[PDB]
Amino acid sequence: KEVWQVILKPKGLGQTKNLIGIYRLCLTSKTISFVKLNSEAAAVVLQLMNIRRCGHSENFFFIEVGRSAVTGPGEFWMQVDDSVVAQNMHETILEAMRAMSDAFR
């Protein structure tokens, strides 16, 4: 359970699905939820198992999502305040993905 405040950019699925602006991105051990600020409904709930890749570049964090995702395939790009926050998101989400694959063994 981590929560980050992000700006979802037009780039990729943002434009396509009109998911643009300030969201809270909430992480459990299995899913990531995008909730628009002041909304009482999650706009989209993604399973970690349907994320192909994630990464960052300075103050930007991205998720690429595969063919079985609720959104269909594509990329989300989000802007945060700085590269310390973006690296944190990368490392924490990567950590949850590894915990998920190791739980089988």
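Position 1 is the first residue in the sequence shown; the rest follow in order.
Higher mean CA temperature factor between 52-60 and 26-34: 26-34, per the PDB entry. On average the C-alpha atoms of 39-47 have higher B-factors than those of the other stretch, with 39-47 and 71-79 being the two compared. In the PDB entry, a CA B factor belonging to the highest third of its chain's modelled residues is recorded for residue 87. Compared with the other modelled residues of the chain, the Cα B-factor recorded for residue 7 ranks in the lowest third.
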